[PDB]
Number of protein chains: 2
Amino acid sequence: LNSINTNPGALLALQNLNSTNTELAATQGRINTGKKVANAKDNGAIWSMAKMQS
Amino acid sequence: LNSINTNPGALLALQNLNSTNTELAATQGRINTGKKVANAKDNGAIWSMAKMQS
């Protein structure tokens with residue numbers, strides 16, 4: 001709690017900020033690609049379906 | 001929907017414009033030859049009949 005050696009609350013705020021940064025990066029990729037499924041990591045089944053479809 | 005990668009509506013407008021261009025080409029052909037069936041592609045039975053009678 002009142003420790004100089006560590007502070008858990010900063011670690012939790014860091015986890016929250018990293019979650020926000022990851023969601024922002026995903027939104028950046030969806031904007032710059034124009035696809036919600038741009039590659040196999042987005043969704044492998046729908047991606048393979050679209051590959052055979054195209 | 002609101003995609004940048006593709007749009008159905010221009011495709012539908014294009015197939016409609018292509019149908020209009022095809023009808024205009026058929027009209028130009030009927031105008032410049034003066035016959036509703038100028039060749040075997042127009043109507044094979046009527047064309048065979050008219051050619052044997054001619």
Side-chain angles (χ1 to χ4, degrees):
Chain A
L1 207 69
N2 305 315
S3 173
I4 55 190
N5 290 307
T6 187
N7 53 350
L11 296 164
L12 294 192
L14 198 71
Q15 300 177 27
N16 281 359
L17 174 52
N18 305 337
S19 185
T20 300
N21 287 332
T22 305
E23 182 167 29
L24 192 41
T27 300
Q28 276 159 201
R30 263 185 316 260
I31 282 154
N32 76 33
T33 57
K35 288 175 271 173
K36 64 182 181 293
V37 167
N39 58 103
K41 293 187 286 185
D42 295 357
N43 189 355
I46 301 299
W47 174 89
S48 45
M49 268 162 60
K51 297 296 289 183
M52 320 288 309
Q53 184 63 255
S54 296
Chain B
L1 266 189
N2 315 314
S3 182
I4 59 182
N5 311 324
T6 187
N7 83 2
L11 290 174
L12 303 161
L14 186 73
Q15 65 182 357
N16 289 140
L17 178 49
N18 288 323
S19 186
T20 306
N21 283 319
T22 307
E23 292 180 354
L24 182 59
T27 294
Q28 273 156 12
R30 270 193 299 280
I31 282 167
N32 67 44
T33 181
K35 295 199 280 213
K36 65 179 73 174
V37 297
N39 56 75
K41 277 180 314 172
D42 272 349
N43 205 312
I46 304 299
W47 174 102
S48 296
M49 265 163 80
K51 186 179 289 293
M52 305 282 318
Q53 184 178 2
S54 179

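Sequence lines set the chain letters: A, B, ... in the order given, protein chains first and strands last, and positions in each chain run from 1. The figures here come from the full heavy-atom set of this structure, side chains too, leaving out hydrogens, waters and symmetry mates.
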Rounded distance (nearest 0.5 Å) linking atom CD1 of A:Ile46 with atom NZ of A:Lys36:
8.5 Å
Would you name the heavy atoms of B:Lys35 and B:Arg30 that are closest together and state the gap between them?
O-CG, 3.5 Å
To the nearest 0.5 Å, how far apart are CG in A:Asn32 and OG1 in A:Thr27?
11.0 Å
What closest approach, in Å, do A:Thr33 and B:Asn5 show between heavy atoms, and which atom pair accounts for it?
O-OD1, 3.5 Å
Starting at CD of A:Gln53, measure out to CH2 of A:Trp47 and round the result to the nearest 0.5 Å.
14.0 Å
B:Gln15 atom CD: more than 12 heavy-atom contacts under 6.0 Å:
yes
How long is the gap from OG on A:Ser48 to CG on A:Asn43, to the nearest 0.5 Å?
8.0 Å
I'd like to check B:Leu17 versus B:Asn21 (side-chain heavy atoms, cut-off strictly below 4.5 Å). Are they in contact?
yes
